[PDB]
Structures are given as structure tokens and as C-alpha cells.
Number of protein chains: 2
Amino acid sequence: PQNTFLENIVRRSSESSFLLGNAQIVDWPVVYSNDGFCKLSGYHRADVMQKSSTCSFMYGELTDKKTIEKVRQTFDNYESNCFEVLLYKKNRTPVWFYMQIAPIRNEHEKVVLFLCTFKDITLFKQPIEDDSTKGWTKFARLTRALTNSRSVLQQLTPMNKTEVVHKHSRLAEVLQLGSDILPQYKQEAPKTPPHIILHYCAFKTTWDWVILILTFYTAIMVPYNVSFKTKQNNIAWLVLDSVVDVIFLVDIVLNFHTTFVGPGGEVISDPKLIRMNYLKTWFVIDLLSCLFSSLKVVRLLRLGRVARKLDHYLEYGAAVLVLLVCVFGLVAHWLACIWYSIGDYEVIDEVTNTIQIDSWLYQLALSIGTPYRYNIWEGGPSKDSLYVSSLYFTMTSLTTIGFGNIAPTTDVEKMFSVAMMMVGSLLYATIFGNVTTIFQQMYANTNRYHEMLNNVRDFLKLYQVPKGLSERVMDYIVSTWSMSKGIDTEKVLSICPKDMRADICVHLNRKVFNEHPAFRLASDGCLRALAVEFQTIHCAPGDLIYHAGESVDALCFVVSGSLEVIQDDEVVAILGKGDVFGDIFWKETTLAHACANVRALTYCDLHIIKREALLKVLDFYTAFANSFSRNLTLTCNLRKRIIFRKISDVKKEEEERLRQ
Amino acid sequence: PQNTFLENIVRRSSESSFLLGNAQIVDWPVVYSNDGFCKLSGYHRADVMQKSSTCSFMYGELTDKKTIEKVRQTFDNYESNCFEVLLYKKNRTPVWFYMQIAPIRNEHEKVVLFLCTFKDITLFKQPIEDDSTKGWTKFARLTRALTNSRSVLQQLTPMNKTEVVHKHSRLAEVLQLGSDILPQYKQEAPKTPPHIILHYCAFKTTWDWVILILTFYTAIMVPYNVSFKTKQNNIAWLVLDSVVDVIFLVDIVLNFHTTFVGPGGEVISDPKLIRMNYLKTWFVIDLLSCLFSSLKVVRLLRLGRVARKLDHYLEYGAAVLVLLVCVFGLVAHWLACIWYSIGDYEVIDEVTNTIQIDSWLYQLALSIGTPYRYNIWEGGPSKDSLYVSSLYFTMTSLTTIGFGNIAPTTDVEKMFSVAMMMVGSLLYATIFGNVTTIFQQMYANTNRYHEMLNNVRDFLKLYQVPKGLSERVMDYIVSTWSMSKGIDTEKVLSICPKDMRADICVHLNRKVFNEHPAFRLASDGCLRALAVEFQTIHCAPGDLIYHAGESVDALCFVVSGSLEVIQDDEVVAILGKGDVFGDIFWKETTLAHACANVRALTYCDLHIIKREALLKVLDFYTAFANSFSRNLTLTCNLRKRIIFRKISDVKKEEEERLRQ
Ligand SMILES: [K+]
Ligand SMILES: [K+]
Ligand SMILES: [K+]
């Protein structure tokens, strides 16, 4: 969601000198100056900014009087025109310019900035100058002033009386740029050229899933047709092949119109580069795959598409497991096809006209019930039994079960089963490794929690901490890991540098900013500083925040629960739900003694800000410091003692007073 | 690629007093003084340096006048000679020296330094001295002055009239050291003695690979010939054994000429140590291996070479997997040989003349179709079937499949298969462990990324951060891990102490040094300091760098993208591609309030330098501070406010002015 507006202007201007200036401000100050205007005028792009976009500060002695007023109305009412003005450069050189004013538009059709395109026509006109000594001085400067607009732009007729042709060319340039000078200043979305498909669109993902399904179907079906002959053709299996072939041809055609992700950058939408990118990467595999035994078996090259498209899924853990189960099934099927091919070859030695007792097909025929007949040779098991038997055998050898119904007993079968076992061992090992890694991924976090728990327990047991204090520590550990689930705030906030840290911290401390009268005249910067400086704590019933002699160095705001400030074993304050206690740091400059114990009745919630951070923030911002001083009344100041005398003391002392 | 020049000089001088001095500088200052010249003259090697290499500061009263001039021309035109001079030591002792000047040469044949070898001939001449009281004082000092040159060098004829012999010896010494005094001062490469082969050469790696292939071939072939008899000799299997044996003899001969890597140091090229290093390490295994059943079976000791040479490959993960697959195959082959040996022994009990029904050879003969005949005993399976069957069986027991075609049923076979299973369990477990470690190696990094992603997601969900801000955080996380791929700059730059940190940081910030006019009069040290002090940030569209009240404490250089400085909801500046904004830290000494909001239009790229580091660098370097102050013009100073009044305000106020 970029806002590429300067990029479009510099891509369309083709070495121009646009002078973008603000519109809603009086005098229309200049906002941006291209580094082509720094040469046409001699002003560096630090002295031209914040000046009028009329170029009023280059208007001089003999500047055309009417043009100044006319461009003034042109800026008054928002409209676009073109002018020929006679300005002065930084060297007081009378030089002509072509003004191509064109207002810009906002998102919801509002004028925001004024664009001013400039061109130099010094050699194209007659710049009458007073401080001259010879006629030639009136000509050489013409070659000096125009260098990139005469030898580059108009060099075909550099002859006199063609100045009217130059004026006509300027008029044609200004008239035929109605939409080229208004790229609609706006925060837009990425745009693609016509007839280009985004690689992450909703259609492309569905197309990729369909291609994956079809590739798996072809991988399943091609070896079956190659090995289990099945040369009989039907209606429900001869049109599907053609449909899949034309679908893959459509995919090849449509893959020329995809947005290839750049090496570390973003998407590229240039048809002039994607075409040979695809050509050099994967135009060989697809062509051969989508074109006799070789022609029907080459279709297995379609797995390259599956390999390419499965990159983001391969990152996860369970996706690799599903992929490996799928390839396990596919490898079992392929080995079943090869096993049946061997078994069919070996039966019935063709040199003689006998049947080999060794081959697993003969043993399977014996164990099934249907034997071979005739001596041409006909009989044996049906076509479903052969495939299910081959798959069963090659699945008993990949899972390392090996029952022994169907087993190698011929010279070829044994030396093929050796390769079967060699491959299956590695495949099965990879499956085991993936499963154990998947389990370790979660048991890592669980064991990370349990290790800390065990370390705390062993530390408490080793130093014989008395019961009643170890219980509190263990309860705190359990409760904090229950509430937070091991999610530390500091590690998460370390990431996301200080643009989102401030926003997150302002959101977290919303319960001390929105509902408290001190933080209502604070600018956003001060609120961000305070939010990033607070930090928060969680209390538990019976826990003391301040003792009877601790140094108060924090302002604490209670957002949930109830506190109890007790002094001399007497309750002197009860706090809760919007009460602030602590000390007046900003006008005492001395750490105090906490005069009373602040216990927690219920499960409390406090946002405490340290003394130093608060003092720094209040020192940096002045007006908010006064507002905070005036608008903060502490409900329990833990610096001054409350002077009182209990009733029981009076009642006791009265007895002795009467006695004496 | 060392520059060992002092080492060669001290190894060749044999306790001399060379006085290396620079040549291209006037007066030829002394550069280095050996700690043998600190005794011949009494000058410590801190007062003799930066003095003339002519020893002009030891030239005294009665020094030989002609020799001073002659050595002066000898230094004038670059040439080597020898002189006999009469200098004074630190104690003003008239002492004779032998000068052996010899210029040194650069890489491309240039004179750089002048070498001056010295010797003492005090006792070898007549040092007439004035402050003497008795004749014996003219003799004892002769023994005092010469101690390491008379009792060590010339002690065979310590008799008078032999001083001419000493002069002849000095002449022979100086004449026959033409190349020994010029070791060609140059940054050379490691040099090996003639007829010594570098262990990491391109020939040695090919030789090692060939030896590995031959060792695997021998390991495959020797047990087959020992067990599967095959005593018939052919032409294609009797010369190969001799060729391999002579190749291994050549390897044994050639292993005496290898550069053994020292214990923690570098290669050693001393033939006097490598020979007994190899002799003590591995001269016993090779000799016996390269020398009846014992003689043909001892050739399996060649696996020691494989074990030795496979040390760097064993570090990786996949190499161990390939090695374990190879040893799995080799162990299966060896167990096949042992299994066939047992099966061949057990058939046909030789005490009687019957055939044992139990032995697996008989069952295999029944299941194949070819039975035993005769009762000497002839028939059975062919020689290919026996080996393929043995390998199949011992592969069904190592992969834990166990079909059951071929299975132990005799007393010996069962108690051998027990050991088979015991070994195979451990081998198969090791293969599984290696596979799971290999997978964990990469899933560690992937899970490390996913754990942080999940923690961020759970933190956002737990604290109910509103939508529209959690989306930005998640997008930032995804985008930064996409661009950087988890490669943190700080951890990489922590390594490589501050010689390559400076160079790397200068290279990274090349887009603010080369194309910016402030950094053009800065020495390399200042550029290194600034580069190591910058740090860089990446922005995103809509992200704010400075708010309306933040403290500007950084100079920011934009190298890619576009920024937008807006004040009072009005665009006042547009930045991009070489624009610097911030504050003038070096002449204000006060943190300011950012007067405007700096938003990012497109994906920006900023190099920001903090206030304190910049101030330290500009304080340490003085002239560059002035150059930086003069040559830096901020395009948007975020300290001063721009005073303006919008057009809508004027238009609105005019209506009320007319109304009243
Ligand atoms: K099994
Ligand atoms: K069985
Ligand atoms: K079995």
C-alpha cells in the first residue's frame, strides 16, 4: 500500500524540472524541487523551498507584467494553463521559461499540491540584454544556456524562422498531457498491467491446488497403465487424459502471466522480464512433460511443478509429515508396478513352453486357488488380485513387517528386493525423524516450564526454607505461569522498534490515562513517554508493596483490587479502583521513609512509575508538569505520619489517672 | 602468505649484528637493530634507532677518514662492499669493526632497506690507545673485548702473524655470501623443500580419493575370494591385484613426503621430523597390510587409511550418513560371506556320506529347483544364486524385515544369527539417530522463527490489542524475517574485532559517504568512526519517525524512498533520495521539540546517527568538524516552526470581516 507519487512524476517527466508546491497554504509555498530545477535557475534545493510556487522571487525588473497577474489568477482558481515567462537565474541572467502549471488531486477529489513543469527556450527566442559589448556576445550565450534542450530535444531544424515550429511543439506538448501530469496523489494499492495475474490472488491458489491434484493423479495412473498393460480403451479413461493434457497446456500458457517474486524485494510486474525468467527457469521440463513407452512415461516430469509450488508449506512440521506419507504411498505403488512387471516377465519361460515354479505369480496362483491352464498360456489370478497382491507385498517391505506370504525366491527377485530394502530403510528413518522432531517442538516449551519449576523446588528444599514461605513462592510461580502462559512482555516489546512500542504501551496503560483526571491535557508525545516508562506489577492477597521503612520511589495507580494502608497495627486507609498512592516526587527532591504498610486484600493490579523516569518526563515537558502538579491529589501520602491515640489507651490511662 | 624476513636474516646470520636501515629516506635512518649490536656498541635498541645507518654517530676523533667517504659513496649508489672501520662504543673505547653492507630488494626489484653486518676484530688488530699506564693494559682488554669471536669462531691458531689469515677469512666470508644476505624482502607464500608434497595440493586430494576407492574395492573383493572359493585364476583378476598392491606400495613411499599439520600450529616442512612422525604413527599397519589364508585376509587393514583420511568430512551431517550407508552395505556383504561359509560347511556331513536336510543350502536347492546329485557330491545351485541368496538373507536380518524364505534351523546357524541380530540392532539404531539429527539441524532454525511468531501472536491476543495495530505488528515481523531471513547484523559484527568491523561498516554506509558532499574531506579514521557509529533502520508506509513533540536526537540520511514532513495537518516538505533532516546538534547544545510529523510514503531506507556519537566524533576530530559544519545544509530542520496561514482561514475570516 505505497504512495508512489514522486516516482510516477519522475518516470513521466523525462528529465524535467517540476516544482511541486502546496495549495491550501497562502502564497503556495514550494514543497519539493527536482534536481533539474537546481540547474535551470542556480538555486540549491534548500533555498528555493518554503518560497512562492509562482517563482515570485525570480520576478525582476523587465519581467512580463501581464503574465505575473495572469498566473496569479491561474493559481487563484484551481485550473491548468501554460505560459512563457522571462525570469532571472541566480546570476541575474534574463532567461525564458515555459510554465506548465497543473493541479494535483487528493484521494477524495481535492486539490492538494500544484505542479509546475519548466523548460528553457533561451536559444529559441531573443533574450535582449543590456550589458553587452559586441554582437557575438548575443549569440555564444545562446549555445551556453541551452545544452540539454537543443542538442538533445530539437536538433533536426536548428535554423532561423523555426521558432514558430518550437512554439507549436510546446503547444502540442502541453495540450496532449491531460492525464500524464495528474497521477492522482493518493495512497494506492499495487497495480498490475492489463492481462497480468497476481501470483497470490484467490484464483491462482485454486489453480495451483487443482494442478497438484492432477499431478498426483497422473503419478498414480501412468505407472499402472505402463506396467499392468490394460491396453483396452474406454470412454471414461480416454477423454480424461486429453482433458488433463489440455489443462496442463493451459497452465503452461497461463504461467507466462505470473508475478515472480524478486530476490529479496517485492513482486515484479514487467512482462518483458517474466517471460525469459520463466524460459530460463522451467520451460524445458514443462514442454517435454506436456508433449510409445517413452512418450507415455515422460509425463512423470509433472512432479517438478509440485516441487516448485510446495515451498511455504514445507516450512511447517505437519505439512512435511503429510508430504512424506504421500510419497510413501507413491513409492509403494511404483515398487508394486515394478514387482508385477518382474513377476509377469519371469513366469512361462518363452524359450521352452513350461511354467516356472519359482516365480511369485505361480505361488500366488497356488495360494489363491486359480491355477494356470492350457499348455497361449491362460488362467491365473484376476487383474484386481494381481495389483492388490503386489501392493500388499511392497507394503510389507517398506514398513519392515515382512510376513512371508509373497517373498523373493528367484535370482532377479532377490536382487531387486535388496534395493527395495535399501530404499525403504532410509524412507522409514526419515519418517521417524520427522515424527520425533514434531513431538520435540512442543515438548521443548513444556519441559522449559517444568525445568524452571523443578529448579525452584530444589532450591527451596536445599536451603531448607521453612514452610509458609516456600508455599507462597511456589503458588506465585504457578499463578504467574497460569496467567501469562510463559509470554514475557519484555522480549515481545524488544522487537518492533519505537513506533509500535509507544502505541502498544499506550494501549496497555489505557486504564490510567482515560479514567484519571491528571492525564487529560497531555499531548500524544508525553503520553507515549509515560506509557513506555510505566511498567506494571501484579499483586496477591497478603503481599506487601511497601514496608514500614522502605524508600518510596514510585507512583502507583490501582486499576483492580483493593489495598490496605495500616500504621501502628491500625487501618488508616483503604484503596482501590482508581486510587494513587506514593510520594510527591516533583517538589520534594528527597527519598522518604514509607510510614505505613500497604497490604493487598484481594488480587490487585497496579501500574507503578519509577521516580527517575517520571522526573525526567516532567522535566522535559513544562506545561504538562504544571498540569500534573495541579491535578494530582494523592489519596495516601506515604511520607507523613498520622498522629492519633487509640481508644483502649485512653481507657487504660484513665484508670491509672483515677488511681493516683 | 607471511612476510618472514627477519626470521631468515636471524637464521642465516648465526649470531651476527645486522643493522637494517631504510634506503629511500635521506641519511638512511636505522629501522631495526638486532640484540647482538646492543652489545658490540653498548647502545640499547631505543637510542640507536632513527639514526644514520652509516654509524655516523660513532665516528669520532681518529676514525679512518677515507673509509667514511668511501662508505658514503657506497650508500650513495646502491651497491654492496665490505670495510674495516675504527669506531667508538658507548664507553668511548676505540674498537674495530667489519662492515658487510648489502642492499635488499623489494617485490618488483626495488631497493628498500640496507643491511649492515658487523663483526669485532679488536684482538685481531692493534688498537693503539692513549690513556694507558703499563704495557699489560694493552693486552688484557684484547681478551675482554673479544669473547664470542675468538674462543668460539677462531680458536685454532691464536698465534701472532695470523692476522693476515683472519683478514683472508673475513674476505672469504664476505665474498661467498652473495645470495645469503639478500632474502628478497617480500610478502611471499609458504615454501616447501625440494621433493616435498603439500598435503592439501590438488594432486594429493586426487590420490587420497583413488586410495579410498581402491580400499573399498579390496574390502568388497577379499572376503568374496576367501569365502566363495573361486580359486580359478583369470587375466582380468590376477593383474588387478598386483596393480593395486604396487599402487599401495607407491602410496607408502609417497606418504614419507607429506606435510603433517602440527598440533595447533601450521604445516611443517622438515623432512627430518615427518619421517619418524609417520614411523611412530602408522608404519606398522601399512607394512603388514601391504605384504595362505592369513596373508590374503590381512589386506583388510587398509581401512586404517580410510579411517585416517576421513576427518574433515566426518564433521558434516550428510557425509556421516553416506559413510554409514557404505558400512551398512559392507557389513551385509561380510555377513553374507560368513553365512555362506557356514552353510557350505554344514551340508554333506563328511563322517558319513549323506546330506543334511537342515542346512539352508538344501532348502534353497529345494526351493530353487536344482537338487543335489550323485551319492564326489555334485549339483546344487549355481555360484551366482548362492551369493545373491546369502546377501538377500543377511539383508533381511539387518533391516529387521525377516521374510522367512531362508532362516536358521541348525544349531550353528541359530547361534550365529543371534549375533547377527545383536549387531544389526545397534547399526540400525545408529542410522536412525543420524537421520533424526540431520532433520533436527534445519527444523531447529525453522522452529526458532515459528516460536517467536507464535509468542507475538499470543501476546497480541492475550492483551486484546485492537485490530489495525496488531496487523501492523504482524506485518512488520513477517516482512523483517522475509528481508533478513533471521540474519542479525549485531551478532555477526560482534565477531571479527575492530579491524574488519570498521571496513564492513564503511562498506555498508557507502550510500551516505560517496554521494554526499559533507563526507569528502574526511580521513579514513574519521570515516571508520562515523561508519561504526551510524546504525541503520528500515521504514514502512505510514510509519512515523518523529511525532509532534518527540526529542530530535539523530541525523537521518535518506538513501531510498520518500518522506513527508507535515505540520498542522499541512504538507510542508517532501524528502527522498539524498535528503538529510534532523537538528544542528554541534552548535545548539539543547534537545529540541520535533515541530512536525515525518511520515513515510513508500518503503524508506534511513541511516541515522545518534546525537552523542556524532558529537564525540566531531569533538575528537577538529578540521573535519569545521568542514562538516560548513558543508551540511539540512533540508528540513525539525526545531523551528514554519509560520503560515491557510487559504480557507482567510476566506472564512473575510466573510465575518464583511459582516461586521
Ligand atoms: K519384521
Ligand atoms: K513364514
Ligand atoms: K516373517
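So, how was this worked out
- Residues numbered from 1 in each chain as written, not as in the entry; some residues may be left out.
- Chains lettered and ligands numbered in written order.
- Part of a larger assembly, values for the part shown.
- Heavy atoms only, no water.
- UniProt positions renumbered as here; feature names shortened; annotations may be inferred.
- Helix = DSSP H or I, 4+ residues; strand = E, 2+ residues; numbered from the N terminus.
- Pairing = 2+ DSSP bridges.
- Axes fitted to C-alpha atoms, helices over the stretch in contact; angles between N-to-C directions.
- Parallel < 35°, antiparallel > 145°, perpendicular 65-115°, else oblique.
- Left-handed = near helix turned anticlockwise from the far one by under 90°.
- Contact = heavy atoms within 4.5 Å.
- Nonpolar A, V, L, I, M, F, W, Y, C, P; charged D, E, K, R; others polar.
- Buried < 20%, exposed > 50% of the residue type's maximum accessible area, 1.4 Å probe, protein only.
- Expected span 1.5 Å × (residues − 1).
- Buried area = accessible area lost by both parts, 1.4 Å probe.
- Salt bridge = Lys/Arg side-chain N within 4 Å of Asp/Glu carboxyl O.
- Polar contact = N/O pair within 3.5 Å; in protein donor to acceptor, adjacent residues only side chain to side chain.
- 1 Å grid on protein atoms, 1.4 Å probe; cavity = no way out; pocket = protein on both sides within 12 Å on 5 of 7 lines; lining within 4 Å.
- Points joined across faces, edges and corners; volume = space filled by probe spheres on them.
- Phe/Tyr/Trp six-rings, centres within 6.5 Å; stacked < 30°, edge-to-face > 60°.
- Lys NZ or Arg CZ within 6 Å of the ring centre and 35° of its normal.
- Donors = N, O, S within 2.8 Å, 3.2 Å for Na, K, Ca; no water.

- Its PDB header attributes the entry to cryo-EM and lists the resolution as 3.4 Å.

### Points about the UniProt feature "domain: PAC" in chain A
Point 1. UniProt's entry tags residues 81-133 of chain A with the feature "domain: PAC", counted in the numbering of this structure.
Point 2. Each end of residues 81-133 of chain A is marked by a C-alpha atom, and these two atoms are 38 Å apart; helix forms 0% of the span and strand 40%.

### Regarding the sheet that holds strand β5 (residues 111-115) of chain A
Point 1. Taken in spatial order, the three strands line up as β1-β5-β4 (chain A) in an open sheet, and their pairing is antiparallel. Whereas interior strands pair on both sides, the edge strands pair on one side only; in this sheet they are β1 (21-22) and β4 (102-105) of chain A.

### As for the sheet that holds strand β7 (residues 544-546) of chain A
The strands making up a sheet associate through hydrogen bonds between their backbones, and the pairing can be parallel or antiparallel.
Residues and elements named next belong to chain A.
Point 1. In spatial order, the strands read β7-β14-β10-β11; together these four strands make up an open sheet with antiparallel pairing. Each of the sheet's edge strands pairs with one partner strand only, and the pair in question is β7 and β11 (571-575). On average, each strand axis in the sheet is tilted by 25° relative to the strand beside it, whichever way the strands run.
Point 2. Sheet analysis places strand β10 (residues 563-566) next to strand β14 (residues 597-600), joined by four bridges and oriented antiparallel. Paired with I566 across the bridge in β14 is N597.

### Observations regarding the packing of helix α12 (residues 318-346) of chain A against helix α14 (residues 383-398) of chain A
Residues and elements named next belong to chain A.
Point 1. Axis separation between α12 and α14 bottoms out at 8 Å; the angle between their running directions is 120°. With respect to α14, the element α12 is oriented oblique. Relative to α14, α12 is oriented so that their crossing is right-handed. Every residue of α14 that contacts α12 at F328, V331, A332, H333, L335, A336, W339 and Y340 is listed here: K383, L386, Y387, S390, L391, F393, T394, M395 and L398.
Point 2. Within the contact of α12 with α14, the residues separate by chemical class into 13 nonpolar, three polar and one charged.

### Concerning helix α13 (residues 360-368) of chain B
Given 3.6 residues per helical turn, the α-helix brings residues three or four places apart onto the same face.
Point 1. Along α13 of chain B, the residues that are buried comprise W360, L361, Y362, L364, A365 and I368 of chain B.
Point 2. As for α13 of chain B, its buried residues are in contact with α15 (411-462) of chain A together with α12 (318-346), α14 (383-398) and α15 (411-462) of chain B.
Point 3. A positive phi of about 130° marks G369 of chain B, the residue just after α13 of chain B.

### Concerning helix α7 (residues 239-254) of chain A
All names here are of chain A.
Point 1. If you check α7, its first and last C-alpha atoms are 22 Å apart, about what 16 residues at 1.5 Å a residue would give, namely 22 Å.
Point 2. Among the residues making up α7, those that are buried are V244, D245, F248, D251, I252 and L254.
Point 3. Where α7 is buried, its residues meet α6 (202-227), α8 (271-282), α9 (285-289) and α11 (303-309).

### Quick word on the interface of chain A and chain B
Point 1. The interface of chain A with chain B comprises 77 residues on the first partner and 76 residues on the second.
Point 2. Roughly 6800 Å² of surface becomes buried between chain A and chain B when both sides are summed, with 63% attributable to carbon and sulfur atoms.
Point 3. When the buried surface of chain A facing chain B is broken down by residue, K414, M421 and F620 of chain A rank first, second and third, together holding 9% of it.
Point 4. Seen at the junction of chain A and chain B, the total is four salt bridges.
Point 5. Of the charged contacts in the structure, one is a salt bridge between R45 of chain A and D579 of chain B, with a shortest N-O distance of 2.5 Å.
Point 6. Connecting chain A to chain B are 14 residue pairs in polar contact.
Point 7. At the level of secondary structure, the elements contributing two or more residues to the side of chain A that touches chain B comprise α1 (6-13), α14, α15, α16 (470-484), α17 (489-494) and α18 (500-508) of chain A.

### Regarding the layout of surface pockets
Residues and elements named next belong to chain B.
Point 1. Roughly 840 Å³ of internal volume is contained in the second largest pocket.
Point 2. In terms of lining, the second largest pocket is formed by 24 residues, of which the most central are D208, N255, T258, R308 and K309.
Point 3. Elements that contribute at least two residues to the lining of the second largest pocket include exactly α6 (202-227), α8 (271-282) and α11 (303-309).

### What to know about the side chain of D245 of chain B
All names here are of chain B.
Point 1. Summarising the element assignment, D245 is placed in helix α7 (residues 239-254).
Point 2. Judged by relative accessible area, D245 falls into the buried class, the value being 18%.
Point 3. Apart from residues lying up to four places away in sequence, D245 is in contact with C290, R299 and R302.

### Description of the packing of aromatic side chains
Two numbers describe a pair of aromatic rings. These are the distance of the centres and the angle of the planes.
Point 1. Overall, the coordinates contain 73 aromatic pairs over all chains when judged by the stated rule.
Point 2. Clustering of aromatic rings is evident, with ring pairs tying together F513, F519, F534, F557, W586, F624 and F628 of chain A.
Point 3. The aromatic ring of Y43 of chain B is capped on one face by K90 of chain B, whose charged end is 4.6 Å from the ring centroid.

### Some words on the coordination of the potassium ion (ligand 3)
Point 1. Those protein atoms acting as donors to the potassium ion (ligand 3) are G402 of chain A (O), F403 of chain A (O), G402 of chain B (O) and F403 of chain B (O), and they sit at 2.8 Å.
Point 2. In this model, the potassium ion (ligand 3) sits 5.0 Å from the potassium ion (ligand 2).
Point 3. Using a relative accessible area of 6% as the deciding quantity, one classes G402 of chain A as buried.
Point 4. Given the relative accessible area of 56%, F403 of chain A is considered exposed.

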